[PDB]
C-alpha cells in the first residue's frame, strides 16, 4: 500500500443503506412513462412505471410460491425483459439471482443448480427438457416464460401476482443479491457473492456524479446484445441504464442484419460490445444499407480489441467514439472505465483500458515480492473498494487467496498505469482462458478429460486465435493400451460441454509438466 492509484474523477456520494432496486429505480418519477425495456426481437415494451410495479408483483409472487429472503433463484434465459423483471423481482423479495447460459448442457446446468442450491428455475420451454430430469429428482421448482410443459409453473404467476401482498422485507446492504459463477484466478467455477451495497457502489461509480464516468444524453438509447446471464452486461448495461432512466434495446440473439436495422429503427446511440461481436459488425458488407448515424459511442470490454480492429472500428464508425473498459466478475465487475465517455471527457490512448473507477483504489504488485510498483511498471492489478465481491460461496480458501488480508482483490492480470492514469493490460498470470469473450476454466475441462477411462492425466491451455482470441487445446496422457484418437477425445468432451468449451486440438503426451506441488507448468506447455 505505498503506490496507490485512483481515478482522475473526484469521489462521489454513494448510498450505503439502500437496497439495489430502490437505488437503480430511485428517480423513477422523472421518467415513469418513458420506455424502459424494449425487446428488439418482438417489440415488447415495458415503461419505467411498468418495471417498478411488476418488480414488486414478482416479489409477492415469489413469496406466494415459497421463495424466501436468502433463497437462490436460477435463471436459464437469454437476455430479455423477463430476465430483468425476474432479477429486480428477486431483489425486492430479498432473494438471490444466479444465472447460466441457456445453451448449457444438462450436466452443466444440474451442477450449477446444485452448487447454487437454487430453489426455483426460470427458463423457456425450448430448454425445459434439459432440466426435466434434474428437476423432479431434486424437488426444484421449474418455471417457464412461454408454454408450461409438464407441471412447471408459468412466469405470469410472478408478474401478475398482487403487489399488495408483496412481503415486508428488510434488505441489509451486505445481503447477497447476485450469484454469478466464475473460475477466478485458479481452479473450478465458483459462486461469486455480489451484495446490494456492492452493486449499487459499482453502478454509482459508472453513472452518478456531476461529471459521470459514462455520460448519457436524454435522447440516448442503449443496446443490450451482450448476455444478461453474465454480470458484466446485467450491471454496466441494465442496472446502469435503469439508474439514469435510459431506454434499453434488448436483443435475445445476435444477428448482424437485424442489429443494423434495429440501430436505425430505435436510434441506438450507445453500443456496448466485446471484440468478437464488434468484429462481426465491422466485417458487415451491409453497413451502407442502414442509417447508423445515431451511434455516438462504441463501448468495448471483456477482452482487448487489438490495434487492428481498433483502427478498423474507428474507421468504419467515424460517427461514434470508441473506448475500452475492463472488468472481472469478482470486482463487481467494473475496474477501469474509458474517461472519453465522461460528461467532460478526458483524452484516451489507443490500447488503453480506461481509468480505475472513482471511490476505489488500485495498485500494481510484483507477483513475486508483493511490493507495490509505481507508474509504468508491469505487475498484478489489484483493486479495493465497496464494489468488489463479498467472497466465494462456501469456499473460504478460494476467497482467502483472491482477496488479501488488506482488502485488495487480486485479478491475476498483469498491467501498468501510465502518467495519464490510463491502465494497460499486457499479460495474464491466472490460467483463465477466454474464447470469444466467454470464460473457459482449464481445471473444468481437465477434470472432464481425466474422468475418461482411457486418460490418466491432462492439461488444457489457451492457443492464440484470430477469430476467438484463444481456443482451448488439450495435452493428454493416454492410459496404457488406449487407442483413442484425437477426434474421439474431442467428441467425448463436446457431448458434455456448452459450445465454447470444446477443445479444438488434442496433443498426446507421456506426462503433464508439473511443479512439486502438482501445479501444471502451463507456460511450459504453451511454450510448445
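Positions refer to the first chain, counted from 1.
Averaged over CA atoms, B-factors in the entry run higher in 245-253 than in the other of 245-253 and 200-208. Set 484-492 against 64-72 and average the Cα temperature factors; 484-492 ends up higher.
In this structure the maximum Cα B-factor among 387, 183, 79, 147 is found at 147. If you compare the C-alpha temperature factors of 175, 157, 139, 413 in the entry, 139 comes out highest. Ranked by C-alpha B-factor against the other modelled residues of its chain, residue 516 falls in the highest third. In the PDB entry, residue 56 places in the lowest third of its chain by CA B-factor.
Per the PDB record, residue ranking by Cα B-factor puts residue 509 in the highest third of the chain. Per the deposited record, the Cα B-factor of residue 350 falls in the middle third when ranked against the other modelled residues of its chain.
Sorting the modelled residues of the chain by their CA temperature factor places residue 36 in the lowest third.
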